[PDB]
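Here is the file input_20.csv (CSV, C-alpha atoms).
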```
chain,number,residue,atom,x,y,z
A,1027,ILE,CA,6.3,15.9,-1.3
A,1028,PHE,CA,9.4,14.3,-3.1
A,1029,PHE,CA,8.8,11.2,-0.9
A,1030,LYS,CA,5.1,10.8,-1.4
A,1031,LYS,CA,4.0,12.5,-4.7
A,1032,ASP,CA,2.9,10.1,-7.5
A,1033,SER,CA,3.4,6.7,-5.8
A,1034,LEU,CA,0.6,4.7,-7.7
A,1035,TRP,CA,1.7,3.9,-11.3
A,1036,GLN,CA,5.0,2.1,-10.2
A,1037,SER,CA,3.1,-1.2,-9.2
A,1038,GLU,CA,2.0,-1.4,-12.9
A,1039,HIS,CA,5.5,-0.8,-14.4
A,1040,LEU,CA,8.4,-2.5,-12.6
A,1041,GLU,CA,10.7,-1.8,-15.6
A,1042,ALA,CA,10.7,1.9,-14.5
A,1043,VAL,CA,11.6,1.1,-10.8
A,1044,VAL,CA,15.1,0.2,-9.5
A,1045,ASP,CA,16.0,-3.6,-9.8
A,1046,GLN,CA,12.4,-4.3,-11.1
A,1047,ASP,CA,11.9,-4.8,-7.3
A,1048,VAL,CA,8.2,-4.9,-6.3
A,1049,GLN,CA,9.0,-4.5,-2.6
A,1050,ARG,CA,10.0,-0.8,-3.1
A,1051,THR,CA,6.5,0.0,-4.5
A,1052,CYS,CA,3.0,0.9,-3.0
A,1053,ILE,CA,0.2,-1.6,-3.8
A,1054,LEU,CA,-3.3,-0.5,-2.5
A,1055,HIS,CA,-5.3,-3.5,-1.1
A,1056,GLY,CA,-8.1,-3.9,1.4
A,1057,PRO,CA,-7.2,-5.8,4.6
A,1058,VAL,CA,-10.6,-7.6,4.5
A,1059,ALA,CA,-10.7,-8.2,0.8
A,1060,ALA,CA,-7.2,-9.7,0.9
A,1061,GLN,CA,-8.9,-12.9,2.4
A,1062,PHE,CA,-10.6,-13.8,-1.0
A,1063,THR,CA,-7.6,-12.8,-3.4
A,1064,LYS,CA,-6.0,-16.2,-4.1
A,1065,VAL,CA,-6.1,-17.1,-7.9
A,1066,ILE,CA,-3.6,-15.1,-10.1
A,1067,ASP,CA,-4.6,-14.2,-13.7
A,1068,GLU,CA,-8.3,-15.5,-13.3
A,1069,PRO,CA,-10.1,-13.8,-16.2
A,1070,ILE,CA,-12.3,-10.8,-15.0
A,1071,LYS,CA,-15.3,-12.6,-16.6
A,1072,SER,CA,-14.6,-15.8,-14.7
A,1073,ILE,CA,-14.6,-14.0,-11.3
A,1074,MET,CA,-17.5,-11.6,-12.0
A,1075,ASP,CA,-19.8,-14.4,-13.5
A,1076,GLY,CA,-18.5,-16.8,-10.7
A,1077,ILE,CA,-20.0,-14.3,-8.0
A,1078,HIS,CA,-23.2,-13.9,-10.1
A,1079,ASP,CA,-23.6,-17.7,-10.5
A,1080,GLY,CA,-23.1,-18.0,-6.7
A,1081,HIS,CA,-25.8,-15.4,-6.0
A,1082,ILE,CA,-28.3,-16.9,-8.5
A,1083,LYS,CA,-27.7,-20.6,-7.4
A,1084,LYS,CA,-28.3,-19.8,-3.7
A,1085,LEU,CA,-31.2,-17.4,-4.3
A,1086,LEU,CA,-32.9,-20.1,-6.6
A,1087,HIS,CA,-32.4,-22.7,-3.8
A,1088,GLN,CA,-33.8,-20.4,-1.1
A,1089,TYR,CA,-36.8,-18.6,-2.7
A,1090,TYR,CA,-37.8,-20.6,-5.9
B,835,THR,CA,-3.5,-2.1,10.5
B,836,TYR,CA,-3.4,1.5,12.0
B,837,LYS,CA,-0.6,0.4,14.5
B,838,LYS,CA,1.2,-2.6,12.9
B,839,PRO,CA,1.0,-4.8,9.7
B,840,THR,CA,-2.2,-6.9,10.1
B,841,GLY,CA,-2.6,-9.8,7.6
B,842,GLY,CA,0.2,-8.2,5.5
B,843,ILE,CA,-1.5,-4.8,4.8
B,844,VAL,CA,-0.9,-1.6,6.8
B,845,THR,CA,-2.4,1.9,7.0
B,846,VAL,CA,0.0,4.9,6.1
B,847,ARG,CA,-0.8,8.6,5.9
B,848,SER,CA,-1.2,10.3,2.4
B,849,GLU,CA,0.2,13.7,1.4
B,850,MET,CA,-2.9,15.5,2.8
B,851,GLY,CA,-3.1,13.3,5.9
B,852,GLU,CA,-5.8,10.8,4.5
B,853,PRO,CA,-5.1,7.2,5.5
B,854,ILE,CA,-4.4,4.5,2.8
B,855,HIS,CA,-4.3,0.7,3.0
B,856,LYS,CA,-1.3,-0.6,1.1
B,857,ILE,CA,0.6,-3.9,1.1
B,858,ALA,CA,3.3,-3.9,3.9
B,859,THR,CA,6.3,-4.0,1.5
B,860,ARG,CA,9.7,-2.5,2.6
B,861,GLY,CA,8.9,0.7,0.7
B,862,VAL,CA,5.5,1.1,2.6
B,863,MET,CA,7.2,0.1,5.9
B,864,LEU,CA,9.8,2.9,5.4
B,865,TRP,CA,6.8,5.3,4.5
B,866,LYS,CA,5.1,4.3,7.8
B,867,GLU,CA,8.4,4.7,9.8
B,868,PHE,CA,8.9,8.3,8.3
B,869,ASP,CA,5.2,9.1,9.1
B,870,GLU,CA,5.9,8.1,12.8
B,871,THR,CA,9.4,9.8,13.1
B,872,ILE,CA,10.0,12.6,10.5
B,873,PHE,CA,6.8,13.8,8.7
B,874,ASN,CA,4.8,14.1,12.0
B,875,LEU,CA,7.5,16.6,13.4
B,876,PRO,CA,6.7,20.3,13.6
B,877,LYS,CA,7.9,22.5,10.6
B,878,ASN,CA,10.7,24.2,12.7
B,879,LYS,CA,12.1,20.9,14.0
B,880,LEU,CA,11.9,19.2,10.5
B,881,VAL,CA,15.1,20.6,9.1
B,882,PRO,CA,17.5,19.7,12.0
B,883,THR,CA,16.0,16.1,11.9
B,884,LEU,CA,16.8,15.8,8.2
B,885,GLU,CA,20.6,16.6,8.6
B,886,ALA,CA,20.6,14.6,11.9
B,887,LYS,CA,19.4,11.5,10.1
B,888,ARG,CA,20.7,12.4,6.6
B,889,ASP,CA,22.9,9.2,6.2
B,890,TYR,CA,20.2,6.9,7.7
B,891,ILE,CA,17.4,8.4,5.4
B,892,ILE,CA,19.6,8.1,2.3
B,893,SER,CA,20.7,4.5,3.1
B,894,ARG,CA,17.0,3.5,3.6
B,895,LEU,CA,15.8,5.4,0.4
B,896,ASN,CA,18.4,3.7,-1.8
B,897,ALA,CA,17.7,0.2,-0.2
B,898,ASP,CA,13.9,0.1,0.4
```
How would this structure read if it were set down as structure tokens?
Amino acid sequence: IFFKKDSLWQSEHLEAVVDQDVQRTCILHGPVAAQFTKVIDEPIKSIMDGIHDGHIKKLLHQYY
Amino acid sequence: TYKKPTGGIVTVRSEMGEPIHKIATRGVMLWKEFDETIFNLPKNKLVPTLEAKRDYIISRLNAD
């Protein structure tokens, strides 16, 4: 329990971990989805509209 | 990911035994090591293992 309990928040507050060391923390991340995570601080809008603009542009090309 | 870190992510056991994909950081590698060595052990044989490895466990916890 002492080891495992409440091991989520720390990734989002290094100032409350020892040495502000990321490498101590747990960061939850999909093995498959880690292939597409490349651009740091890309505005949520940019990413979510980027995907939607992809899907429209291809769909329009293929069925209209 | 179940056996070894695969593309930098690894599977570790939760508190209830549910798997979780996290980044293979030193903290999560220790977490996996203690899932394979300590936490898996039957309740009776837990306590003798904790004194047996006390100095090892502490040096890891304070490091990683």
Pull the neighbourhood of (13.5, 9.1, 3.9) for me: all residues within 10 Å in file coordinates, counting only C-alpha atoms, as a ChimeraX atom specification.
/A:1028-1029 /B:864-865,867-869,872-873,884,887-896,898
Just to be explicit: take each residue in the selection above, keep C-alpha atoms, and write the result as a PDB file, in the frame of the given file.
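File result.pdb, as written:
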```
ATOM      1  CA  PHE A1028       9.400  14.300  -3.100  1.00  0.00           C
ATOM      2  CA  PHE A1029       8.800  11.200  -0.900  1.00  0.00           C
TER       3      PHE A1029
ATOM      4  CA  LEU B 864       9.800   2.900   5.400  1.00  0.00           C
ATOM      5  CA  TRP B 865       6.800   5.300   4.500  1.00  0.00           C
ATOM      6  CA  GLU B 867       8.400   4.700   9.800  1.00  0.00           C
ATOM      7  CA  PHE B 868       8.900   8.300   8.300  1.00  0.00           C
ATOM      8  CA  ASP B 869       5.200   9.100   9.100  1.00  0.00           C
ATOM      9  CA  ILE B 872      10.000  12.600  10.500  1.00  0.00           C
ATOM     10  CA  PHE B 873       6.800  13.800   8.700  1.00  0.00           C
ATOM     11  CA  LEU B 884      16.800  15.800   8.200  1.00  0.00           C
ATOM     12  CA  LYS B 887      19.400  11.500  10.100  1.00  0.00           C
ATOM     13  CA  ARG B 888      20.700  12.400   6.600  1.00  0.00           C
ATOM     14  CA  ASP B 889      22.900   9.200   6.200  1.00  0.00           C
ATOM     15  CA  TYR B 890      20.200   6.900   7.700  1.00  0.00           C
ATOM     16  CA  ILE B 891      17.400   8.400   5.400  1.00  0.00           C
ATOM     17  CA  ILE B 892      19.600   8.100   2.300  1.00  0.00           C
ATOM     18  CA  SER B 893      20.700   4.500   3.100  1.00  0.00           C
ATOM     19  CA  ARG B 894      17.000   3.500   3.600  1.00  0.00           C
ATOM     20  CA  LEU B 895      15.800   5.400   0.400  1.00  0.00           C
ATOM     21  CA  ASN B 896      18.400   3.700  -1.800  1.00  0.00           C
ATOM     22  CA  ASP B 898      13.900   0.100   0.400  1.00  0.00           C
TER      23      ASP B 898
END
```
Please provide as an MDAnalysis selection string all residues within 7 Å of residue 845 (chain B), with the sequence filter that same-chain residues fewer than 4 positions apart are discarded (counting only C-alpha atoms).
chainID B and resid 835:836 853:856
Contact set, chain A to chain B: 7 Å, only C-alpha atoms, as number ranges by chain:
A: 1030, 1049-1057
For C-alpha atoms, I'd like the residues from the last selection saved as a PDB file, in the coordinates of the input.
```
ATOM      1  CA  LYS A1030       5.100  10.800  -1.400  1.00  0.00           C
ATOM      2  CA  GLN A1049       9.000  -4.500  -2.600  1.00  0.00           C
ATOM      3  CA  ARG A1050      10.000  -0.800  -3.100  1.00  0.00           C
ATOM      4  CA  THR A1051       6.500   0.000  -4.500  1.00  0.00           C
ATOM      5  CA  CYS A1052       3.000   0.900  -3.000  1.00  0.00           C
ATOM      6  CA  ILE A1053       0.200  -1.600  -3.800  1.00  0.00           C
ATOM      7  CA  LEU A1054      -3.300  -0.500  -2.500  1.00  0.00           C
ATOM      8  CA  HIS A1055      -5.300  -3.500  -1.100  1.00  0.00           C
ATOM      9  CA  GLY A1056      -8.100  -3.900   1.400  1.00  0.00           C
ATOM     10  CA  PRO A1057      -7.200  -5.800   4.600  1.00  0.00           C
TER      11      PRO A1057
END
```
Please, what distance in Å, to one decimal, runs between CA of residue 1061 (chain A) and CA of residue 1088 (chain A)?
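Result for CA of residue 1061 (chain A) versus CA of residue 1088 (chain A): 26.2 Å, one decimal.
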If you measure from CA of residue 1034 (chain A) to CA of residue 1060 (chain A), what distance in Å do you get, rounded to one decimal?
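Atom-to-atom, CA of residue 1034 (chain A) and CA of residue 1060 (chain A) are spaced 18.5 Å apart.
Rounded to one decimal, CA of residue 874 (chain B) and CA of residue 850 (chain B) lie 12.1 Å from each other.
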